[PDB]
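Analysis of the macromolecular model
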Amino acid sequence: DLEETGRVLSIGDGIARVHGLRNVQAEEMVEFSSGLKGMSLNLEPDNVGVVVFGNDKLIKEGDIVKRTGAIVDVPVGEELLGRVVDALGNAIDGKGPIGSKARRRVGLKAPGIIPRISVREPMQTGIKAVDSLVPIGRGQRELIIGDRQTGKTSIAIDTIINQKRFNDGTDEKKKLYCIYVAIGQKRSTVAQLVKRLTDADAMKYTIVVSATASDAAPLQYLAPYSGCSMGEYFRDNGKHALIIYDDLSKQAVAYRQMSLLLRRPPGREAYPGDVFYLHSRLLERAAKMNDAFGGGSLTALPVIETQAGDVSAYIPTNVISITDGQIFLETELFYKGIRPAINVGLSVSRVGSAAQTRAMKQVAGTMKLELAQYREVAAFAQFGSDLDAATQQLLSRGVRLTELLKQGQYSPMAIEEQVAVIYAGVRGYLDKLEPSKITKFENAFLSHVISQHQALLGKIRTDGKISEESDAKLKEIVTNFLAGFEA
Amino acid sequence: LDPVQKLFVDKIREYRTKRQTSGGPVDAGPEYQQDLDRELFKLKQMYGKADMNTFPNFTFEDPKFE
Amino acid sequence: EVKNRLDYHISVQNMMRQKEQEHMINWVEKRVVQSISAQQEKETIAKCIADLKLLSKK
Amino acid sequence: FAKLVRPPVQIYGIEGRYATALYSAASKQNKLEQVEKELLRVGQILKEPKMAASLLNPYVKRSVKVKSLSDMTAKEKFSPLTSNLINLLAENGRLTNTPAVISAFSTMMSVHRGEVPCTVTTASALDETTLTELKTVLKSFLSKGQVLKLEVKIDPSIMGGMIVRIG
Amino acid sequence: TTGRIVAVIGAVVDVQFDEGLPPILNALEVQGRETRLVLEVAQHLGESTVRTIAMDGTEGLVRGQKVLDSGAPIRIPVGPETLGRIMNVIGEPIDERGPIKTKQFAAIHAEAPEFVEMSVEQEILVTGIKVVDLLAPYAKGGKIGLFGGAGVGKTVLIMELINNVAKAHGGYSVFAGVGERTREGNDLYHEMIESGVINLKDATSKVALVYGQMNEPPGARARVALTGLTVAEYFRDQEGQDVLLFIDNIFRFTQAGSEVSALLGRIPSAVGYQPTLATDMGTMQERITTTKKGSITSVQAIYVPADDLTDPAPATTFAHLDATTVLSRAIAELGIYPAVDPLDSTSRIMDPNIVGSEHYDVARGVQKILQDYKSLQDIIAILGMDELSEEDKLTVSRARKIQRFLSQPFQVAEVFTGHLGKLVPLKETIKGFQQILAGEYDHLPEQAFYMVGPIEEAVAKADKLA
Amino acid sequence: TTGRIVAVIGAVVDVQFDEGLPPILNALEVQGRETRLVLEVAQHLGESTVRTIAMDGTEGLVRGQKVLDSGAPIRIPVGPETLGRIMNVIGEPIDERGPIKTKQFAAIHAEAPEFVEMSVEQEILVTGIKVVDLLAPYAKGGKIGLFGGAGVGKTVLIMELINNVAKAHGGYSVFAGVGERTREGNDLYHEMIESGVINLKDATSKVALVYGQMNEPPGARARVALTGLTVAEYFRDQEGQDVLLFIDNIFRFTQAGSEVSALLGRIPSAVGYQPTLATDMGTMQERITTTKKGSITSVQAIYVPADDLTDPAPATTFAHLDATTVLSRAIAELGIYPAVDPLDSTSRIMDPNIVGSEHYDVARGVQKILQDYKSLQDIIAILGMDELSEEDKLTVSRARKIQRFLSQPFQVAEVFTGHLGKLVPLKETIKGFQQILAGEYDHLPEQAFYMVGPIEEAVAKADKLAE
């Protein structure tokens, strides 16, 4: 013990000018007397500018900063599944400890292209809207963009809920380690959220990395990186992990603030631009790996919050340029009613079809388009000014179909159901119905086919790719059922 | 080793006398009881009330029609 | 109606175990905190381990 | 610009930057020792009016300040040619600031082959050898003293919190 | 420890503490200062010198003067006696009803609880204002933010709210006056007396007024919310209470915070605003909650900068807002007491899945109906009722009736409303408007529904008429 | 000599070299850095302490740590063994296929060639995309910047070009991936093998890939660009080649420059900028040219930061360009793919003189037509029609047809489109518009032009759209 202690050369503002610790590792997380961590980020010749991790007033000059002698890793493992952690990967749940006494570096990198293998994957969220228009593969970076309970979260839950079934399945490939990185998410929010998951007990394959609202800026800062390591684990264990970063908007804020506090300056939106480097680096590690990693994935569903709907916003623009499409949720529709509330138009997965599932694809090919046409008539029509019978159907139909992508909170679907309810409309069987009666139909129709035509449904899933037989079967089933639903 | 354990001894001993004196477990400490009453009260609020400690009282809630 | 009965008892005893912890913690810390230095041999056992540091550290 | 040697101390506390002047200068020619000791004289030779507000006082006027060192350090042969930095630092106002240089320096040929406790137990015995914490633990284990409070006394502290720290 | 003034640059006194070094946020009382000239430690600058903040005058301060570290932050008197009492920031009596005599003292800070500590499920606190509950369902422990007309019986309403809940439900209230006009607070005092939510007869009435008016140095105004928060946390947990924390006015607070950010030489982040705006908030908002004990249900006056709020703070605040209160001048103009804007009384916790589909739906039918009625209002504004379908006529009448039914007389204010006021237990309340939804009443004077309480009292008033 | 880490202040490693002071740019090797650690000397800070930039994995580092100066810049393989290969900055297979052995090595800094060696003249080069050539007729061996925001099918579009062109194009092409998404390279990669343009039966593919993904240290990302350039310089000059230099995305290069600027003790200029932007540019773009050895025809993805072009960076850029493709968020938003901002997808080399007037004029007629149309928009936006004349309507409509006609499907991204996309040999274009202009189309459904290339097909498409 010489330089395994150092004295806080001076402290204020979580920047611990640190005496000693020069023998330090670069990027060493160090340890305070307050037991608090810091990272000796900047090794200046004089002191170590230590970004002090945490929030304080709990320190004073000359306090001992002891090397921890360690570069950050974050506890990693599958034992965070069934765990809600704080950013450091410590409990807040207080369910005793994790099992993730393995740790793995937050400093770990993005695959080589050779280590990576492009996405062709399915992965569905159970959300009709999603799976239809942005059907998901794995490894992918896809922006969820949506706002302050637009049920912004609700959706994610349903997605996760959908993955439950795979995690209740034995198909790892359809299983997902869900990682919900919570940035800024107040405790109440979290409390509910967690609670929800518990209830859904999808929690079992699920990490919730939670840096709530109060949390220190570096923590929140780190948190993604933490997350960044953790899913990669699963990924190298061939597993398909899902990280939800909700949200980096807060991170950036924190970071900038942090930077500014470092006197380190910025540019655009008062942010320093390597907030990009931050994210880029963060985001590149999202991948669908080559085969070498068990072909794993860490599928990233980043989330971004639009202040005033704005995206032209540097940080949003950034994130978009990284992401492999964006899912716009458009709240007006929510006021307007609509659950979910989406700008579908903006909702794109450029990846799109690469991320698909053939069962759906059979209706979905047609559907994306019919909705496209519907949308085309959202655009062509759907003012206070546009119709002919052709389009009137598309509109009618469209409106109907809208209801099908409408979707309650705390509730995703199985794909076969999705194809089903959709199917009716694709071949135009419920345009007969008003928009209003669709959901009712859908509900009914669904419990009916579940009841009888699980035969069919099971089957449609089974061939994973519809067939005329199914179609035909469906067709009577539905039509007649439809007839039954109505009359 | 010892130095560290040297603290534990001193504690452990005191516990023995305490737990082995439950009626006045050496140092019930008037303050302890004062806190007790505070926290007992709040639990009563959370949990509802009652006339008696054991079997309480009952009344048959009768449905009602228009 | 029963459970409310029982839970009141539990909760007191639970809280009493913590209050005994806080009061015992204060009391044990207030009891044992004095004649430490009167054992100079608690800095000998430091010297102990400290010569077994400065030896057993290299 | 001048290829030189800045040996232990180093560290560049500015007065480490200063020290480093003589950490190459005294050090070369090894008027290290001359000066090392010179300083020792000077510090307390200084700090009274021949330092204080009968000097340091800016209201002395800088040239005059030279001409009260160069009347204060060419007042003393304790800087027979390392005076000049004095007379420079003088100008460069680093007069109250000399201890740090002096230290740094003096240390830079003492802390230029020493060691000091920095340890999770008591000392301030200090040492003048590079290899150490072996020797010393035989002076520790020997003499008993210090503030005791002086270094870690791993008792009130660590240990002291610990039951509390469990709860 | 003692510090010395080493620098006074305004009420930022950078103190060299000579002896030792007392941690950040140690509250210091300056020695030789008879004035409770508190300095709060901010940075340990090195050299046992801190930059600290006086939040109090710097009147004649001869430097080096000794400041005695109180070694911790504030102790402020805190206790039940804060109900019915006026303190300034420093907890002194500006009540001048002698000191607010308490037992407990407090550091004006308090924490963001841990996850475990909470009532982790948030359940509606009911306001008894029909309009309110219905449209903005209030959450126990939450932050509800008051956009609102100025003195539009603002205070009155607020007083009435205190009445309605904190009385009704055995709640507690704290009023934190941040950066207000001493005059208006003075007025408020009399109002508070008047309202009897403060009794001059109770220094334990029902409301603690904690004031850190504009005239204070920033720090004081800056802290006065926290301070209050700190009281309320006692009150919450310890006093187990559902505290209503009336907060005037986070904006001015926000503003105040930033003022020092600059002047602290800190960089206050974007748009000028304190970089820690988020964390200060985070911790603050996170200081607020429902625990296993009480709730600090927080009523926050929100000055809306530039009627704009994209400006980051409120945008963020929106995140911290859970039920949102806009008081309507329009509704006020309509003479309505409640003057609330009902179609703004919302809660992001509004949802059929969340705040339940009845509330939500009943409301949706209504909100819609009103809106529909409004849609028609536009039409009607020209066209009248005549050529409208009867259903519209009905909706109009009902809407109006409902409207009138939203109208609720107020107590103390025999003067604005014309009466004494009524409280409206939710169950009847909503049920009431809904009854109008069944259209039962649609054969009656609708301005009988005007200024009433339970739905019955609306029907009843019709009856005396016809 | 040897340096000591004196400061790692970010990945700016201030290394104090005591008795060494090798010139600026010199690659310094951190001793013990297994992460092949070039520090590039940036400043002689004084004290023979240098500002360097660490360009590799860094952590573990202690102050003092030993650096052995390589005493010169990086040498990276330059020349042909890179085709196929995906190289990193330091010239290193990140194709990961054993080493890369192009025996000519390089310091990746070079000059602006002579004016006489510069393009004093160039020629319109057809692309066969209507809009593209038409408004932005392209010059061989020049620098063309493609402004366009984020993932806008930007990539799609470039790819489509690449597809059309790099394929067609016999020469080498260089792809310098600045901040390029690892993924995007992955797809591309897999494609590249697939496409068999890269086939590894030819490490003299027509394409060298240099990828410098955004995960990289900014400094690294910044320099990967030069790397690609240096190689391409190899190819131009040495291999005499008509190089296509695919740059995705020059913005990130710059972005890295600006980003670092602060930390360099430089001031992060307007918007935070690199004040060295210009010089960066000057040196970079001016390094590119058509020599009379080869041509480096440069396709530069230019992200429009935060959609600001006024933004100094893009603002600068224009000077260095010869053709700008500014993609319109609106056009894009109309789903129109081509998603162009045609009213700034340009080439200075638009002129009857050059491109023949027909092209030119037609274009000018168009440019105009849109322009006029543009003018109206502000009124009409709330205020509909009939407060306008119907010839205005005609132009509007025509402009609109034209609009749709620029929409020209994407053969590549059938994944995105479902459509098969078109290449329009020039005449169908020139003619195409002449006809619409001629009113020859002005009674057809506008969707006829929508997602078509050749105008006939638009007619064909019309007929069926006319049921």
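Details of the structure are given in the entry above.
Residues numbered from 1 in each chain as written, not as in the entry; some residues may be left out. Chains lettered and ligands numbered in written order. Part of a larger assembly, values for the part shown. Heavy atoms only, no water. Residues with missing side-chain atoms left out of burial classes, pairs and counts.

Side note on the overall build of chain C
Short version of the rule: Runs of H or I in DSSP of at least four residues are treated as helices and runs of E of at least two as strands, each being numbered from the N terminus. For the radius of gyration, the atoms used are the C-alpha atoms, and the globule rule reads 2.2 Å times the number of residues raised to 0.38.
A tally of helices and strands in chain C yields 2 helices and 0 strands. Taken against the 2.2 N^0.38 rule, which gives 10 Å for 58 residues, the C-alpha radius of gyration of chain C at 22 Å runs more than 25% over that of a compact globule. Each of the three principal axes of chain C carries a C-alpha extent, and together these read 65 × 30 × 10 Å.

What to know about the overall build of chain D
When helices and strands are tallied, chain D shows 7 helices and 0 strands. Helices and strands appear in chain D in the N-to-C order α-α-α-α-α-α-α. Its C-alpha radius of gyration of 21 Å places chain D more than 25% over the 15 Å reference for a compact globule of 167 residues. Along the longest, intermediate and shortest principal axes, the C-alpha atoms of chain D span 65 × 35 × 30 Å.

A short note on the pairing of strand β6 (residues 66-72) of chain F
Regular strands have side chains that alternate between both faces of the sheet. Residues and elements named next belong to chain F. Inclusion rule: Pairing between strands requires that DSSP locate at least two bridges from one strand to the other.
Looking at chain direction, strand β1 (residues 2-9) and β6 are connected through 3 bridges and run antiparallel. Across the sheet, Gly3 pairs through a bridge with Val67, a residue of β6. Relative to β6, strand β3 (residues 27-30) runs antiparallel, the two sharing 4 bridges. Along β6, the bridge assignment pairs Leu28 with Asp69.

Side note on the interface of chain F and chain A
Which entries qualify depends on this criterion: Pairs of residues are marked as contacts when any of their non-hydrogen atoms sit within 4.5 Å. All amino acids are sorted into three groups, where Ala, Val, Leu, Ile, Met, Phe, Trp, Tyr, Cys and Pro are nonpolar, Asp, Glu, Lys and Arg are charged, and the leftover types, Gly among them, are polar.
Counting residues at the interface gives 17 residues for chain F and 17 residues for chain A. When the residues that make up the side of chain F that touches chain A are grouped by side-chain class, the tally is 10 nonpolar, 4 polar and 3 charged.

Description of the sheet that holds strand β16 (residues 295-301) of chain E
Residue and element names in this part refer to chain E. Where we set the bar: Under this scheme, a helix contributes an axis fitted over its contacting stretch, all axes are lines through C-alpha atoms, and angles between N-to-C directions fall in the 0 to 180 degree range.
As summarised here, the arrangement of the 7 strands in space is β8-β14-β13-β15-β16-β12-β17, forming an open sheet in which the pairing is parallel. Each end of this open sheet is capped by a strand with a single partner; those strands are β8 (85-87) and β17 (323-326). Geometrically, the sheet is characterised by an average inter-axis angle of 15° between neighbouring strands, direction not taken into account. With 6 bridges joining them, strand β13 (residues 172-178) and strand β14 (residues 207-212) adopt parallel strand pairing. The residue bridging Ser173 from the neighbouring strand is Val207, located in β14.

Quick notes on the arrangement of the chains
The chain pair with the greatest number of contacts, out of 4 pairs of chains in contact, is formed by chains A and F. No interface is formed between chain C and chain F, the nearest pair of C-alpha atoms being 21 Å apart. Regarding chain E and chain F, which are not in contact, the minimum distance between any of their C-alpha atoms is 14 Å.

Details of the sheet that holds strand β15 (residues 242-248) of chain F
One open sheet holds the 8 strands; their spatial order is β8-β14-β13-β15-β16-β12-β17-β18 (chain F), and the pairing between them is mixed. Edge positions in the sheet fall to β8 (86-87) and β18 (340-347) of chain F, since each has one partner strand and no second.

A few points about unusual backbone geometry
Backbone torsion omega between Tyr337(E) and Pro338(E) reads 5°, so that peptide bond is classified as cis. Mapped onto the secondary structure, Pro338(E) falls in the loop between α8 (329-333) and α9 (357-383). Residue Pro338(F) is reached from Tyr337(F) by a cis peptide bond, and omega for that bond is 0°. Structurally, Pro338(F) is set in the loop between α8 (329-333) and β18. Located in the positive-phi region is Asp307(E), a residue other than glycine, with phi close to 50°. Along the chain, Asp307(E) turns up in the loop between β16 and α7 (312-319).

Side note on the pairing of strand β11 (residues 177-183) of chain A
Residues and elements named next belong to chain A. Going by this rule: If the strands point away from the viewer and the path from the first strand over the helix to the second runs clockwise, then the crossover is right-handed.
Sheet topology note: the β11/strand β13 (residues 240-246) ladder contains 6 bridges and is parallel. Considered in β13, the bridge of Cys178 is made with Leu242. Relative to strand β12 (residues 206-211), β11 runs parallel, the two sharing 6 bridges. Bridge assignment links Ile183 to a residue of β12, and that residue is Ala211. Note on the crossover from β11 through helix α3 (residues 187-200) to β12: the handedness is right-handed.

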